[PDB]
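*Asks:* Structure file start.txt (compact mmCIF, N, CA, C and O atoms) is given on the next line.
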# COMPACT_ATOMS: atom_id res chain seq x y z
N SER L 178 0.86 -1.22 0.00
CA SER L 178 0.00 0.00 0.00
C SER L 178 0.88 1.25 0.00
O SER L 178 1.46 1.62 1.00
N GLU L 179 0.98 1.91 -1.13
CA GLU L 179 1.80 3.16 -1.23
C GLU L 179 0.90 4.25 -1.79
O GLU L 179 0.84 4.44 -2.98
N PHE L 180 0.18 4.97 -0.96
CA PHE L 180 -0.72 6.02 -1.51
C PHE L 180 -0.76 7.26 -0.64
O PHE L 180 -0.31 7.28 0.49
N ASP L 181 -1.26 8.30 -1.22
CA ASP L 181 -1.33 9.60 -0.53
C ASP L 181 -1.87 9.44 0.89
O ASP L 181 -3.04 9.21 1.11
N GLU L 182 -1.00 9.61 1.86
CA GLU L 182 -1.44 9.51 3.27
C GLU L 182 -2.53 10.56 3.47
O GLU L 182 -3.45 10.39 4.24
N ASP L 183 -2.40 11.64 2.76
CA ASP L 183 -3.40 12.74 2.87
C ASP L 183 -4.78 12.21 2.48
O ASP L 183 -5.78 12.55 3.08
N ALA L 184 -4.85 11.38 1.47
CA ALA L 184 -6.18 10.84 1.05
C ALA L 184 -6.64 9.79 2.06
O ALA L 184 -7.78 9.78 2.48
N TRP L 185 -5.77 8.90 2.46
CA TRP L 185 -6.18 7.86 3.44
C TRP L 185 -6.64 8.55 4.72
O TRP L 185 -7.69 8.24 5.26
N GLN L 186 -5.87 9.48 5.20
CA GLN L 186 -6.26 10.22 6.44
C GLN L 186 -7.59 10.92 6.21
O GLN L 186 -8.44 10.98 7.08
N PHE L 187 -7.78 11.47 5.04
CA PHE L 187 -9.05 12.19 4.74
C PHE L 187 -10.22 11.23 4.88
O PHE L 187 -11.21 11.52 5.53
N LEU L 188 -10.13 10.07 4.28
CA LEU L 188 -11.23 9.08 4.39
C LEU L 188 -11.45 8.72 5.87
O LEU L 188 -12.56 8.68 6.35
N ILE L 189 -10.39 8.44 6.57
CA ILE L 189 -10.52 8.07 8.01
C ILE L 189 -11.13 9.23 8.81
O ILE L 189 -11.93 9.02 9.70
N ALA L 190 -10.74 10.44 8.52
CA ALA L 190 -11.29 11.60 9.28
C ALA L 190 -12.81 11.66 9.11
O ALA L 190 -13.54 11.93 10.04
N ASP L 191 -13.30 11.41 7.92
CA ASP L 191 -14.78 11.45 7.71
C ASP L 191 -15.42 10.24 8.39
O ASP L 191 -16.47 10.33 8.98
N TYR L 192 -14.79 9.10 8.29
CA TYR L 192 -15.37 7.88 8.91
C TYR L 192 -15.47 8.05 10.43
O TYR L 192 -16.36 7.49 11.05
N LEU L 193 -14.56 8.76 11.05
CA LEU L 193 -14.61 8.93 12.54
C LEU L 193 -15.57 10.05 12.95
O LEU L 193 -15.72 10.34 14.12
N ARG L 194 -16.22 10.68 12.01
CA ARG L 194 -17.17 11.78 12.37
C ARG L 194 -18.54 11.23 12.80
O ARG L 194 -19.00 10.25 12.26
N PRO L 195 -19.22 11.89 13.72
CA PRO L 195 -20.57 11.44 14.15
C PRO L 195 -21.54 11.43 12.97
O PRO L 195 -22.55 10.75 12.99
N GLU L 196 -21.22 12.13 11.91
CA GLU L 196 -22.12 12.12 10.71
C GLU L 196 -22.17 10.68 10.22
O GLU L 196 -23.22 10.10 10.05
N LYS L 197 -21.02 10.09 10.05
CA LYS L 197 -20.96 8.67 9.63
C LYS L 197 -21.76 8.45 8.33
O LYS L 197 -22.73 7.72 8.30
N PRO L 198 -21.34 9.06 7.25
CA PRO L 198 -22.03 8.90 5.94
C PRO L 198 -21.90 7.45 5.44
O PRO L 198 -21.13 6.68 5.96
N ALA L 199 -22.63 7.09 4.42
CA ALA L 199 -22.52 5.70 3.91
C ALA L 199 -21.10 5.50 3.36
O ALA L 199 -20.53 6.38 2.75
N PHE L 200 -20.53 4.36 3.60
CA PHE L 200 -19.14 4.11 3.13
C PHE L 200 -19.06 4.22 1.60
O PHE L 200 -18.15 4.82 1.06
N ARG L 201 -20.00 3.65 0.91
CA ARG L 201 -19.98 3.71 -0.58
C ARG L 201 -20.09 5.17 -1.05
O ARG L 201 -19.44 5.58 -1.99
N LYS L 202 -20.91 5.95 -0.40
CA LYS L 202 -21.07 7.38 -0.79
C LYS L 202 -19.80 8.14 -0.41
O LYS L 202 -19.27 8.93 -1.16
N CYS L 203 -19.33 7.91 0.78
CA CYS L 203 -18.12 8.62 1.25
C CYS L 203 -16.97 8.33 0.29
O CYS L 203 -16.18 9.20 -0.03
N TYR L 204 -16.85 7.12 -0.16
CA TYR L 204 -15.74 6.78 -1.08
C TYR L 204 -15.87 7.56 -2.40
O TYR L 204 -14.90 8.06 -2.93
N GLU L 205 -17.06 7.65 -2.94
CA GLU L 205 -17.22 8.39 -4.22
C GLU L 205 -16.76 9.82 -4.00
O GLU L 205 -16.11 10.42 -4.84
N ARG L 206 -17.09 10.38 -2.88
CA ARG L 206 -16.68 11.77 -2.59
C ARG L 206 -15.15 11.85 -2.54
O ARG L 206 -14.55 12.78 -3.02
N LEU L 207 -14.52 10.86 -1.96
CA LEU L 207 -13.04 10.88 -1.88
C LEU L 207 -12.48 10.91 -3.31
O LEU L 207 -11.49 11.57 -3.58
N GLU L 208 -13.10 10.22 -4.22
CA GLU L 208 -12.60 10.23 -5.62
C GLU L 208 -12.61 11.67 -6.11
O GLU L 208 -11.70 12.12 -6.78
N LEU L 209 -13.63 12.40 -5.77
CA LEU L 209 -13.70 13.82 -6.19
C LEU L 209 -12.49 14.56 -5.58
O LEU L 209 -11.80 15.30 -6.25
N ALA L 210 -12.24 14.33 -4.32
CA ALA L 210 -11.08 14.98 -3.64
C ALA L 210 -9.76 14.46 -4.23
O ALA L 210 -8.84 15.20 -4.48
N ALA L 211 -9.67 13.17 -4.44
CA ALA L 211 -8.42 12.59 -5.00
C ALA L 211 -8.10 13.26 -6.32
O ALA L 211 -6.96 13.48 -6.68
N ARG L 212 -9.12 13.59 -7.05
CA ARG L 212 -8.97 14.24 -8.37
C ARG L 212 -8.34 15.64 -8.17
O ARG L 212 -7.40 16.02 -8.84
N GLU L 213 -8.88 16.39 -7.25
CA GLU L 213 -8.37 17.76 -6.98
C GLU L 213 -6.91 17.69 -6.50
O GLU L 213 -6.08 18.47 -6.91
N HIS L 214 -6.60 16.77 -5.63
CA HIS L 214 -5.20 16.65 -5.12
C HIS L 214 -4.43 15.66 -6.00
O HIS L 214 -3.23 15.52 -5.89
N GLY L 215 -5.11 14.97 -6.87
CA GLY L 215 -4.43 13.98 -7.75
C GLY L 215 -3.96 12.79 -6.91
O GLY L 215 -2.97 12.15 -7.23
N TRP L 216 -4.64 12.48 -5.84
CA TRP L 216 -4.20 11.33 -4.99
C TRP L 216 -4.53 10.00 -5.67
O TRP L 216 -5.57 9.83 -6.27
N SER L 217 -3.66 9.04 -5.52
CA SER L 217 -3.93 7.69 -6.08
C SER L 217 -4.65 6.90 -4.99
O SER L 217 -4.07 6.55 -3.98
N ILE L 218 -5.92 6.63 -5.14
CA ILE L 218 -6.65 5.89 -4.07
C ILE L 218 -6.59 4.38 -4.34
O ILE L 218 -6.58 3.96 -5.48
N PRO L 219 -6.57 3.56 -3.31
CA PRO L 219 -6.54 2.08 -3.48
C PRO L 219 -7.92 1.53 -3.86
O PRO L 219 -8.91 2.23 -3.80
N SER L 220 -7.99 0.29 -4.23
CA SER L 220 -9.31 -0.29 -4.60
C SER L 220 -10.26 -0.20 -3.40
O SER L 220 -9.86 -0.36 -2.27
N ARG L 221 -11.51 0.07 -3.65
CA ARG L 221 -12.50 0.19 -2.54
C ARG L 221 -12.45 -1.06 -1.65
O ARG L 221 -12.55 -0.96 -0.44
N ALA L 222 -12.32 -2.22 -2.22
CA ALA L 222 -12.28 -3.44 -1.38
C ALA L 222 -11.10 -3.33 -0.40
O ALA L 222 -11.20 -3.70 0.75
N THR L 223 -9.99 -2.83 -0.86
CA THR L 223 -8.80 -2.68 0.03
C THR L 223 -9.08 -1.65 1.13
O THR L 223 -8.67 -1.81 2.26
N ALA L 224 -9.74 -0.58 0.80
CA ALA L 224 -10.01 0.48 1.81
C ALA L 224 -10.86 -0.06 2.96
O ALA L 224 -10.48 0.03 4.11
N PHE L 225 -12.01 -0.62 2.68
CA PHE L 225 -12.88 -1.15 3.78
C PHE L 225 -12.14 -2.24 4.57
O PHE L 225 -12.25 -2.33 5.77
N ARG L 226 -11.42 -3.09 3.89
CA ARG L 226 -10.69 -4.19 4.59
C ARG L 226 -9.86 -3.60 5.74
O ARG L 226 -9.89 -4.07 6.85
N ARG L 227 -9.09 -2.59 5.45
CA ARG L 227 -8.25 -1.98 6.51
C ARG L 227 -9.13 -1.35 7.59
O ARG L 227 -8.76 -1.32 8.75
N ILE L 228 -10.28 -0.86 7.24
CA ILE L 228 -11.15 -0.28 8.30
C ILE L 228 -11.46 -1.41 9.30
O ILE L 228 -11.57 -1.18 10.49
N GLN L 229 -11.57 -2.63 8.82
CA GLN L 229 -11.84 -3.79 9.73
C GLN L 229 -10.62 -3.99 10.63
O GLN L 229 -10.74 -4.35 11.79
N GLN L 230 -9.46 -3.80 10.08
CA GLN L 230 -8.21 -4.03 10.85
C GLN L 230 -8.06 -2.99 11.95
O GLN L 230 -7.32 -3.19 12.89
N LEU L 231 -8.74 -1.89 11.86
CA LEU L 231 -8.60 -0.90 12.95
C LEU L 231 -9.08 -1.59 14.23
O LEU L 231 -8.29 -2.16 14.95
N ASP L 232 -10.36 -1.59 14.50
CA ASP L 232 -10.85 -2.31 15.73
C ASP L 232 -12.38 -2.18 15.84
O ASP L 232 -12.97 -1.26 15.32
N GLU L 233 -13.01 -3.06 16.57
CA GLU L 233 -14.48 -2.94 16.77
C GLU L 233 -14.69 -1.65 17.56
O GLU L 233 -15.66 -0.94 17.39
N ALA L 234 -13.76 -1.35 18.43
CA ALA L 234 -13.85 -0.11 19.24
C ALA L 234 -13.88 1.08 18.29
O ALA L 234 -14.45 2.11 18.58
N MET L 235 -13.28 0.94 17.14
CA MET L 235 -13.27 2.05 16.16
C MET L 235 -14.71 2.39 15.79
O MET L 235 -15.08 3.54 15.66
N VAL L 236 -15.55 1.40 15.63
CA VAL L 236 -16.97 1.68 15.28
C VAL L 236 -17.58 2.49 16.42
O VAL L 236 -18.33 3.42 16.21
N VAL L 237 -17.24 2.14 17.63
CA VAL L 237 -17.76 2.88 18.81
C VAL L 237 -17.13 4.27 18.85
O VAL L 237 -17.70 5.21 19.34
N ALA L 238 -15.93 4.39 18.34
CA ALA L 238 -15.21 5.70 18.37
C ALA L 238 -16.03 6.78 17.67
O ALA L 238 -16.08 7.92 18.10
N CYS L 239 -16.65 6.45 16.58
CA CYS L 239 -17.45 7.46 15.84
C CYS L 239 -18.74 7.81 16.60
O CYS L 239 -18.97 8.93 17.01
N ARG L 240 -19.59 6.84 16.73
CA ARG L 240 -20.90 7.04 17.39
C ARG L 240 -20.78 7.02 18.90
O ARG L 240 -21.78 6.91 19.58
N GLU L 241 -19.60 7.08 19.46
CA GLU L 241 -19.51 7.02 20.95
C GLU L 241 -20.51 8.01 21.57
O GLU L 241 -20.18 9.15 21.83
N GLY L 242 -21.72 7.57 21.79
CA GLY L 242 -22.77 8.47 22.38
C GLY L 242 -23.04 8.05 23.82
O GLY L 242 -22.30 7.28 24.40
Using structure tokens, write down the structure that the file contains.

*Replies:*
Amino acid sequence: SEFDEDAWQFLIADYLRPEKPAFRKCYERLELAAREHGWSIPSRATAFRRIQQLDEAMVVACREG
């Protein structure tokens, strides 16, 4: 995995927000941003896979209500 940390961090920053938009929708938006910054984004299957590797607590991290 060799890609714009700025883009990966951007996706993670939105995922950790209480808004918690749909993953499929959030990814399409990242493509729009990747275009503006010219970031090379990884395959969507690869992106969600790593979100699993974070932790179940990560899911609680966003909606921690």

*Asks:* For residue 219 of chain L, which residue among L:198, L:193, L:186, L:181 is the nearest when counting only C-alpha atoms?

*Replies:*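 Between L:198, L:193, L:186, L:181, the residue approaching residue 219 of chain L most closely is L:181.
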
*Asks:* May I have the residues within 7 Å of residue 194 of chain L as number ranges by chain, using only N, CA, C and O atoms and disregarding those fewer than 6 positions away in the same chain?

*Replies:* L: 238-240

*Asks:* Could you list, as a VMD selection string, every residue within 8 Å of segment 201-216 of chain L, counting only C-alpha atoms and ignoring same-chain residues fewer than 5 positions away?

*Replies:* chain L and resid 180 to 181 184 187 to 188 191 221

*Asks:* For the residues selected in the previous step, produce a file with N, CA, C and O atoms as an mmCIF file, keeping the file's coordinate frame.

*Replies:*
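After the write, part.cif holds the following:
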data_model
loop_
_atom_site.group_PDB
_atom_site.id
_atom_site.type_symbol
_atom_site.label_atom_id
_atom_site.label_comp_id
_atom_site.auth_asym_id
_atom_site.auth_seq_id
_atom_site.Cartn_x
_atom_site.Cartn_y
_atom_site.Cartn_z
ATOM 1 N N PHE L 180 0.180 4.970 -0.960
ATOM 2 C CA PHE L 180 -0.720 6.020 -1.510
ATOM 3 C C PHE L 180 -0.760 7.260 -0.640
ATOM 4 O O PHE L 180 -0.310 7.280 0.490
ATOM 5 N N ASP L 181 -1.260 8.300 -1.220
ATOM 6 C CA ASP L 181 -1.330 9.600 -0.530
ATOM 7 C C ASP L 181 -1.870 9.440 0.890
ATOM 8 O O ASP L 181 -3.040 9.210 1.110
ATOM 9 N N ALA L 184 -4.850 11.380 1.470
ATOM 10 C CA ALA L 184 -6.180 10.840 1.050
ATOM 11 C C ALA L 184 -6.640 9.790 2.060
ATOM 12 O O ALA L 184 -7.780 9.780 2.480
ATOM 13 N N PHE L 187 -7.780 11.470 5.040
ATOM 14 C CA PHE L 187 -9.050 12.190 4.740
ATOM 15 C C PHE L 187 -10.220 11.230 4.880
ATOM 16 O O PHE L 187 -11.210 11.520 5.530
ATOM 17 N N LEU L 188 -10.130 10.070 4.280
ATOM 18 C CA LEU L 188 -11.230 9.080 4.390
ATOM 19 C C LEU L 188 -11.450 8.720 5.870
ATOM 20 O O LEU L 188 -12.560 8.680 6.350
ATOM 21 N N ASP L 191 -13.300 11.410 7.920
ATOM 22 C CA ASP L 191 -14.780 11.450 7.710
ATOM 23 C C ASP L 191 -15.420 10.240 8.390
ATOM 24 O O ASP L 191 -16.470 10.330 8.980
ATOM 25 N N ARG L 221 -11.510 0.070 -3.650
ATOM 26 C CA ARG L 221 -12.500 0.190 -2.540
ATOM 27 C C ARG L 221 -12.450 -1.060 -1.650
ATOM 28 O O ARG L 221 -12.550 -0.960 -0.440
#

*Asks:* With distances taken over only C-alpha atoms, which of L:179, L:242, L:185, L:199 is nearest to residue 224 of chain L?

*Replies:*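 Looking at the shortest contact to residue 224 of chain L, the residue is L:185.
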
*Asks:* Can you measure atom CA of residue 241 of chain L to atom CA of residue 220 of chain L for me? One decimal in Å is fine.

*Replies:*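 Computing the Euclidean distance for atom CA of residue 241 of chain L and atom CA of residue 220 of chain L yields 28.5 Å.
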
*Asks:* Specify the axis-aligned box that encloses all atoms of segment 221-238 of chain L listed in the file after padding of 8 Å on each side, stating its centre and edge lengths in Å to one decimal as AutoDock Vina command-line options.

*Replies:*
--center_x -12.8 --center_y 1.8 --center_z 7.8 --size_x 27.0 --size_y 28.3 --size_z 39.0

*Asks:* Give the alpha helix (DSSP H) residues of chain L, as DSSP finds them on the backbone, and put them as a ChimeraX atom specification.

*Replies:* /L:182-192,200-214,221-231,233-240

*Asks:* Identify which of the residues L:178, L:218, L:197, L:189 lies closest to residue 231 of chain L, counting only C-alpha atoms when measuring atom-to-atom distances.

*Replies:*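 Nearest to residue 231 of chain L: L:189.
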